[PDB]
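Step one of this worksheet: look at the structure below.
Numbers and lists here come from the model and the stated rules, or from a named source; no laboratory instrument gave them. All Cβ positions, even for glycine, are placed from backbone atoms using ideal geometry, and neighbour counts span all protein chains on display.
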Amino acid sequence: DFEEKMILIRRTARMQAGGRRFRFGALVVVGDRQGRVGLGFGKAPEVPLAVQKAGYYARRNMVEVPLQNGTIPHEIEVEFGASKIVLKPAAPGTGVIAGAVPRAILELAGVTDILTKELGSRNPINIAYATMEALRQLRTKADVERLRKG
RNA sequence: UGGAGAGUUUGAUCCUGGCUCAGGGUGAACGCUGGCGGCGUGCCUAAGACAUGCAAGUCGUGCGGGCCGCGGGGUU
Ligand SMILES: [K+]
Ligand SMILES: [K+]
Ligand SMILES: [Mg+2]
Ligand SMILES: [Mg+2]
Ligand SMILES: [Mg+2]
Ligand SMILES: [Mg+2]
Ligand SMILES: [Mg+2]
Ligand SMILES: [Mg+2]
Ligand SMILES: [Mg+2]
Ligand SMILES: [Mg+2]
Ligand SMILES: [Mg+2]
Ligand SMILES: [Mg+2]
Ligand SMILES: [Mg+2]
Ligand SMILES: [Mg+2]
Ligand SMILES: [Mg+2]
Ligand SMILES: [Mg+2]
Ligand SMILES: [Mg+2]
Ligand SMILES: [Mg+2]
């Protein structure tokens, strides 16, 4: 019902008297490839617990993507922190052209052909959040005319 | 009908930031190796110095001859 794929897994460390103590953080995307995505970042003392927790958080934070023939309706440009994401629709037969993080996010959303570009900071966390906010800032012609009814 | 990023400053993080790599290209060279064909291509340096051969001539339907040779005439 729901497909799940992790973006990256890292091991952070705090300092305590006697040595460093580790804590694992993991990004997880979940999607049905129908137009719904979810992104979660889980932290746990061990890796599998962190992956499961990131999956829970990703299912809790969902985004409805307005797909139009497997591509995006209009080009977007999002600044999350110092990271920038540039999304642009593409004609079918092109394929998802993106870095690992946006490729995974958009593929789990049900996108087949799109042109992206990461700018500024390449940080996978900020890039993931920028792509999520980009998909959250998408509008359709129906929504546009819905706003301009008056 | 058109756009992918990654490694690296820290105990860990975010940012700035340089360096490096994956791509394509070449009148290329070098190493190891090396079977055939087609089409291209081949002094990027000393515009340094050059043996040798060839590479710019042709018209007797513009003109008079030289040399060598043959034939026929004016003459016993
Ligand atoms: K902003
Ligand atoms: K690191
Ligand atoms: Mg929507
Ligand atoms: Mg900025
Ligand atoms: Mg930068
Ligand atoms: Mg860098
Ligand atoms: Mg320092
Ligand atoms: Mg270190
Ligand atoms: Mg410190
Ligand atoms: Mg190269
Ligand atoms: Mg190369
Ligand atoms: Mg040989
Ligand atoms: Mg040949
Ligand atoms: Mg030749
Ligand atoms: Mg040259
Ligand atoms: Mg020369
Ligand atoms: Mg005679
Ligand atoms: Mg007589």
| request: Please work out which one of (1) more than 16 Å from ligand 4 (Cβ to nearest atom); (2) on the phi > 0 side of the Ramachandran plot; (3) of a type in the set (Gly, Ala, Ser) is the condition A:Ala128 fails and give its number. | output: (2)
| query | If you check every pair at least six apart or on different chains, which have Cβ atoms under 8 Å apart with a residue in region A:122-148 that is under 12 Å from A:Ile85 (Cβ atoms) and touching a residue at least 24 places away in the same chain (Cβ under 8 Å) first and a residue that is part of a helix (DSSP H, G or I) and within 13 Å of ligand 3 (Cβ to nearest atom) second? | reply | A:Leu135/A:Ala109
| query | Within region A:92-100, is even one residue exposed (fewer than 15 other Cβ atoms within 10 Å of the Cβ), within 19 Å of A:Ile7 (Cα to Cα) and in contact (Cβ under 8 Å) with a residue 60 or more places away in the chain? | reply | yes
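This table checks each residue for (1) outside the structural domain of A:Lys141 (by CATH); (2) touching a residue at least 12 places away in the same chain (Cβ under 8 Å).
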| site | (1), (2) |
| --- | --- |
| A:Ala13 | yes, no |
| A:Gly38 | yes, yes |
| A:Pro48 | yes, no |
| A:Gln52 | yes, no |
| A:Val86 | no, yes |
| For region A:11-19, does any single residue satisfy the condition of being touching a strand residue (DSSP E or B) at 6+ places or on another chain (Cβ under 7 Å), crowded, with 18+ Cβ neighbours inside 10 Å and in a strand (DSSP E or B)? | no
| From the options A:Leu108, A:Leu27, residue that is in contact with an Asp or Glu (Cβ under 7 Å, 6 or more places away or on another chain) and crowded, with 20+ Cβ neighbours inside 10 Å | A:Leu108
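Looking at region A:50-86, which of its residues are within 16 Å of ligand 5 (Cβ to nearest atom), loosely packed, with under 15 Cβ neighbours inside 10 Å and at negative phi?
A:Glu79, A:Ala82
Look through region A:79-107, keep the residues that are within 16 Å of ligand 3 (Cβ to nearest atom) and under 22 Å from A:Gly38 (Cβ atoms), and return whichever of them is farthest from the chain's Cα centre (by Cα). So that I can check it myself, show each step before the final result.
Pass one, region A:79-107, residues within 16 Å of ligand 3 (Cβ to nearest atom): A:87, A:89, A:105-106.
Cutting the leftovers down to under 22 Å from A:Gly38 (Cβ atoms) gives us A:87, A:105-106.
Details: A:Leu87: 12, A:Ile105: 4, A:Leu106: 7 Å.
It comes out as A:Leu87.
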